[PDB]
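Colleague: Here's a structure for you.
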Amino acid sequence: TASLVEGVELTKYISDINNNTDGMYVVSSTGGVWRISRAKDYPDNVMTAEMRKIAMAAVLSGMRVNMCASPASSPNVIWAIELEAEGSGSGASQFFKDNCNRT
Amino acid sequence: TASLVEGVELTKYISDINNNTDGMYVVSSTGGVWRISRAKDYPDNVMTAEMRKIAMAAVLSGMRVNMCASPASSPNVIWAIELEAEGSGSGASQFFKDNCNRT
Amino acid sequence: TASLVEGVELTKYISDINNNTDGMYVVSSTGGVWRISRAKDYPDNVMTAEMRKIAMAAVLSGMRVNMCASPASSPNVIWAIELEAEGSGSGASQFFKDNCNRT
Amino acid sequence: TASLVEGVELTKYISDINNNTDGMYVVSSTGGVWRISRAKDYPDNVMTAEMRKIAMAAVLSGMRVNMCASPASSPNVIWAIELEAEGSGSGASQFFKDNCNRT
Amino acid sequence: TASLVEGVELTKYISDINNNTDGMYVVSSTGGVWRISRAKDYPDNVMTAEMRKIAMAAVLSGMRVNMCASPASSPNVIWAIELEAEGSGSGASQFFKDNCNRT
């Protein structure tokens with residue numbers, strides 16, 4: 001049921017510690033809102049941290065992303081993300097599609 | 001009571017260990033002074049880490065920020081911060097505003 | 001059997017906490033999929049952190065890498081990455097070639 | 001006796017793990033040399049980390065920094081630093097001159 | 001028996017977790033090879049980390065370094081490093097020079 005989103009331009013990066021709305025969020029050029037995952041323990045805290053790095057990276061640089069998201073929230077929750085440099089003819093990678101065409 | 005500040009251009013980043021006045025601080029083009037939140041434990045240490053990350057990116061590159069600030073202290077504390085790209089975006093995002101106007 | 005792959009251009013960088021696929025992955029302009037290595041404890045958490053930084057950096061800039069990946073599985077796990085600025089003709093360092101060819 | 005140095009251009013940055021000489025230092029264009037404070041605990045370990053990040057930012061990009069250092073030892077220890085975007089360049093923020101003219 | 005190295009243009013940043021060759025390495029344009037120092041505990045875990053940030057910045061930007069490395073072992077491990085700009089020379093700072101003739 002995991003949803004693939006492709007070629008998102010992230011334009012807004014949000015840190016928020018207000019209760020009932022804490023966590024990190026991104027906003028798409030078209031106003032898609034997603035929440036970034038989070039994790040205390042190894043090994044996901046590695047990946048959730050790199051989610052934050054990647055997300056910042058796009059908003060700062062204009063770079064595109066590809067998201068494996070859950071439309072079982074609102075804002076949705078980013079379950080995996082791919083950062084892509086300019087000059088890539090294709091959008092998402094085949095390896096990235098396949099992994100989310102599974103959960 | 002939370003304030004909402006928009007299209008702030010941050011010009012300065014301050015680290016301070018002098019007694020009382022210790023913490024992180026950002027100063028806007030208009031001379032406005034805010035204090036970056038902090039926390040020791042999971043999960044907010046992540047958000048306040050990214051909060052520190054966003055304040056530098058803004059300062060180092062000039063991108064605009066939107067903040068949910070508590071006016072209850074001087075300088076005001078930052079409770080949420082939204083880093084926004086030069087692709088405009090109509091100022092602050094609705095997702096941000098919605099959560100600043102809800103406390 | 002750890003092979004040496006020279007002069008890669010990486011165009012995608014992937015965080016993923018999908019179960020049974022969770023990890024860091026890099027993709028070449030050509031499609032090659034690799035899995036960044038991962039480690040909990042000192043001293044290799046410092047190294048896997050630095051390939052993560054090296055992965056991200058090659059993605060953002062376009063500078064080549066040279067890798068030392070294990071063909072033992074798919075995608076090939078990365079055991080030793082080496083970044084390189086645009087000097088000479090993007091060759092792999094003799095030091096790195098040799099250390100790679102000793103497993 | 002705390003001192004306020006303004007508009008400094010940091011052109012060098014030293015990590016050094018040789019005994020007693022160990023610690024982190026910055027050097028201006030004039031050869032003036034300062035020492036970054038250290039701390040092991042929350043929250044000052046946040047602020048000293050941000051101090052180091054500021055110092056590396058200036059050196060890399062040659063932006064100026066204002067410093068609040070303690071003359072009681074040599075090199076001076078930085079008790080507060082302020083990284084400033086190129087543009088305002090009006091000296092230090094009033095806020096930062098006022099916190100160091102009270103210790 | 002420590003040995004100052006000045007004006008070193010680093011061209012290659014290396015992470016490696018292969019057994020009996022793991023660590024962090026840098027390589028100069030001429031082809032010289034140093035190990036980056038590692039450390040687990042406070043405070044050298046701060047200095048070693050900055051050491052690694054300094055490499056991830058000179059390889060990236062072409063900025064020159066100065067080194068104090070121990071010839072006591074294979075790829076002489078770096079005991080101190082100075083990230084500098086290219087203003088005029090630059091040389092090394094006297095502060096750095098005077099710290100190196102120590103061990």
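Following the order of the structure tokens, first chain is A, next is B, and so on, with residues numbered from 1 inside each chain and ligands from 1 in the order they appear.
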So that each row is one residue of range 40-85 of chain D with an atom at most 9 Å from range 9-33 of chain B, can you give its shortest atom pair and the distance in Å to one decimal, using only C-alpha atoms, rows by chain and rising number, as CSV?
Modeller:
residue,atom,partner,partner_atom,distance
D:43,CA,B:23,CA,7.8
D:44,CA,B:17,CA,6.5
D:46,CA,B:23,CA,8.3
D:47,CA,B:15,CA,5.4
D:48,CA,B:15,CA,7.3
D:49,CA,B:15,CA,8.9
D:50,CA,B:15,CA,6.3
D:51,CA,B:15,CA,5.8
D:54,CA,B:13,CA,8.0
D:68,CA,B:16,CA,8.9
D:78,CA,B:17,CA,8.9
D:79,CA,B:17,CA,5.6
D:80,CA,B:16,CA,4.3
D:81,CA,B:14,CA,5.5
D:82,CA,B:14,CA,4.3
D:83,CA,B:13,CA,5.1
D:84,CA,B:12,CA,4.5
D:85,CA,B:11,CA,5.1
Colleague: Taking the DSSP secondary structure from the backbone, can you list the residues of range 6-78 of chain D that are helix (DSSP H, G or I), as number ranges by chain?
Modeller: D: 44-61
Colleague: Those same residues, written as a PDB file, in the first residue's frame with C-alpha atoms?
Modeller:
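Contents of result.pdb, freshly written:
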ATOM      1  CA  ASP D  44      27.233  23.733  26.703  1.00  0.00           C
ATOM      2  CA  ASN D  45      28.369  20.819  24.551  1.00  0.00           C
ATOM      3  CA  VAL D  46      25.684  22.096  22.135  1.00  0.00           C
ATOM      4  CA  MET D  47      27.139  25.600  22.208  1.00  0.00           C
ATOM      5  CA  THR D  48      30.807  24.636  21.875  1.00  0.00           C
ATOM      6  CA  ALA D  49      29.940  22.396  18.914  1.00  0.00           C
ATOM      7  CA  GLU D  50      28.161  25.358  17.340  1.00  0.00           C
ATOM      8  CA  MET D  51      31.223  27.487  18.082  1.00  0.00           C
ATOM      9  CA  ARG D  52      33.383  25.037  16.073  1.00  0.00           C
ATOM     10  CA  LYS D  53      30.825  24.975  13.249  1.00  0.00           C
ATOM     11  CA  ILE D  54      30.867  28.785  13.149  1.00  0.00           C
ATOM     12  CA  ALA D  55      34.672  28.918  13.037  1.00  0.00           C
ATOM     13  CA  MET D  56      34.797  26.447  10.160  1.00  0.00           C
ATOM     14  CA  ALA D  57      32.106  28.417   8.300  1.00  0.00           C
ATOM     15  CA  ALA D  58      34.063  31.683   8.494  1.00  0.00           C
ATOM     16  CA  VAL D  59      37.412  30.212   7.385  1.00  0.00           C
ATOM     17  CA  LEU D  60      35.834  28.409   4.416  1.00  0.00           C
ATOM     18  CA  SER D  61      33.891  31.381   3.092  1.00  0.00           C
TER      19      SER D  61
END
Colleague: Using DSSP assignments from the backbone, pull out every residue in chain E that falls under strand (DSSP E) and give it to me as a PyMOL selection string.
Modeller: chain E and resi 3-8+10-16+23-28+33-36+65-70+77-84
Colleague: Which residues, written as a short mmCIF file (atom, residue, chain, number, x, y, z; two decimals) with N, CA and C atoms, in the first residue's frame, have at least one atom at most 6 Å from residue 8 in chain B, with only C-alpha atoms counted and residues fewer than 2 positions away on the same chain left out?
Modeller:
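part38.cif, written as the output of this step:
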data_model
loop_
_atom_site.label_atom_id
_atom_site.label_comp_id
_atom_site.auth_asym_id
_atom_site.auth_seq_id
_atom_site.Cartn_x
_atom_site.Cartn_y
_atom_site.Cartn_z
N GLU B 6 7.31 36.14 9.92
CA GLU B 6 7.36 35.71 8.52
C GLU B 6 8.44 36.46 7.76
N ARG B 64 15.03 32.89 3.50
CA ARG B 64 14.10 33.38 4.50
C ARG B 64 13.70 32.25 5.45
N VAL B 65 13.21 32.65 6.62
CA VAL B 65 12.72 31.72 7.63
C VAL B 65 11.39 32.23 8.14
#
Colleague: Could you check the closest approach to chain E for each of D:92, D:39, D:100, D:69 and tell me which residue wins, using only C-alpha atoms?
Modeller: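 The answer is D:39, which sits nearest to chain E.
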Colleague: So that I can see what lies close to residue 70 in chain D, please list as JSON, numbers by chain the residues with an atom at most 8 Å from it, counting only C-alpha atoms and leaving out residues fewer than 3 positions away in the same chain.
Modeller: {"D": [1, 2, 3, 73, 76, 77, 78, 79]}
Colleague: Nearest to chain E among D:93, D:37, D:71, D:88, with distances taken over only C-alpha atoms: which residue is it?
Modeller: D:37
Colleague: If you measure from CA of residue 62 in chain A to CA of residue 97 in chain A, what distance in Å do you get, rounded to one decimal?
Modeller: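 Those two atoms sit 22.0 Å apart.
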Colleague: Report the distance between CA of residue 95 in chain B and CA of residue 67 in chain B in Å, rounded to one decimal place.
Modeller: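 Answer for the CA of residue 95 in chain B to CA of residue 67 in chain B separation: 12.4 Å.
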